[PDB]
Each structure stands twice: as C-alpha cells, then as structure tokens.
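Taking the form deposited in one PDB entry, here's one chain by itself in structure tokens.
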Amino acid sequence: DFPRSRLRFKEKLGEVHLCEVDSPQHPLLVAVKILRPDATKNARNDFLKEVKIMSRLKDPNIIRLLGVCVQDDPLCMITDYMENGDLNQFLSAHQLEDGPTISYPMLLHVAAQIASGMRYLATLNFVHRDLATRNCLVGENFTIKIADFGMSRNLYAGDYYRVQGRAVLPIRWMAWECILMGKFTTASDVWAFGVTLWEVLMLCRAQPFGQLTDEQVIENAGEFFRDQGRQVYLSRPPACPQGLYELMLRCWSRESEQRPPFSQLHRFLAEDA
C-alpha cells in the first residue's frame, strides 16, 4: 500500500480528491479516487478491476496508477493529476490563433500524443473502446493523457445511445462494424481516433454528425455495409487542411485493414513539431 498519511488533502474534484505528496521518491500533486464505504459489492469489484488494468499501463500518454490503498477501507487509487481537466472542456475554452488561443501546430502535438498513446496500447492488443476527447486529460504545456471516465457522466450523456438491457454505445465515434456487431478492435479504435482528431480540429465546437439523429447515425453504419455510395462522412473542420482531412478519411475506410495503424498516425501527426 501507498500510505494514506502521505496524502495531504488539497481540493475535491465517490469522490476524487486533489492531493499533494512531499518528497515522493514543488510537492507532487496526485489525484485520488475514493470509493465510498457504503459502496455496493458490484462497485467494489469494478474498482478492483480498474486497479488491475491500470497497473499494467505505463506510457507518457496514458494516465498512470501511482499507488493504491486497499488493505483498509475506504479503497483508494492514486493517479497523476492533470491540471487542465479533460481535453473537451479545455479546447472548448480556446480559439484558433489568427482568447485563449491555440496554434494549429499545438493542435497536432495534442493529436500526436493521443496517437502515441493509442500506439502504446496497440502493442498490448489493448482495445480502448471509447476513445474521444472527453476521455483525454490535459496537464502542463498541453501534455495529453488518455484515460477512460466511463459512460455515465451527465455532461456527456448525449454522446451515448442507450437501450434498456443493452450495453451503452458511443455510436458517433464507433466504426460501422462496431455499430452493427459490438465487435471492437484496434482497427475500430483507429476509426474512433479519426473522430477524435476531427473533434480536436473542430476545437470541440460540435458533436459528430450533430445535425443527425441517433437513428440516422445507426442507419449510416448500415450504408457503409451496403457500400453503394450512400454512406456519409464527418465534414472537414475549418482549421483542417485537406491533407490532414485525408488522413481522417483513411481512418474511416470500410475495410479495417486499410485503416492507418497508430504507429503511422502518430508518425504523421508528430512530424510538424
């Protein structure tokens, strides 16, 4: 166990507490997710599996499990703390340089880190399943950590399609094969990365396919399957030159084997820096 006596409460954020730690080897800031002790057994099991999965994940662009406190109650997991909250709210508060304000190159450096992060996970055959800027965190100097906050935050309910007794689905980010089968792969993670790169280039000014209903997005997935010319695509954002747009379009290839691997996507977005 990490020692509880080394976590000095700073701020609230089942609760997430901003904390600082002296001489962990400025004091180190860490984020501490605390499971309520009235927590159900299902919730406790989920928290122990979230600990198990995070434990194996060690990359500059993925949230990092720093320590746990589980031998006693309440159950604690400790991650690194990202100062600027999730990437969706962060970019929504920004505008493209001609404020605050973010240059085009910085948008690519943001996009490349998410790609470097997905690339790491692909070397483990780890499929994210719900990649989107709302699951990315921003630290200092626009460093990006992929995370997964799950599917039940009110702020983002609209990004999820729910049917009673079914898995809740982030359909507007999902590959056509996913929408039709529940079959998630690294290749489908690539598709969702294409939609994440679209969001970043939109500086998050709109939801994908936002003028179309849930049902129309599902219908669109069927048209990729039918492949008689009726499938439609996310448009090119204002900030996006046509070359970068053509990278996004490759992410939405019908055949998952024609979609770019993350190694290549990272290589191409990291080039400008």
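Definition used throughout: the rigid core is the maximal C-alpha set that superposes within 1.5 Å between two forms. Numbers for residues come from their place in the sequence shown, where the first is 1.
Another form exists, deposited in another entry; not displayed. Remarks below refer to it.
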Checklist entry - So which one of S55, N42, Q211, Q216 actually moves, Cα shift of 2 Å or more between the shown form and the other one once the core is superposed? => result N42
Item to check | CA of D148, rigid core aligned, shift of 2 Å or more between the shown form and the other one | outcome: no
Checklist entry - Under a superposition restricted to the rigid core, does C251 display a Cα displacement of 2 angstroms or more between the shown form and the other one? => result no
Item to check | Core superposition between the shown form and the other one, C-alpha change of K33 at least 2 Å | outcome: yes
Checklist outcome for this item: Checked in that other deposited form: CA of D148 to CA of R8 differs by 3 Å or more, atoms lying closer
Checklist entry - Hey, the CA atoms of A31 and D130 end up closer or farther in that other deposited form than in the shown form, with the change being 3 Å or more? => result closer
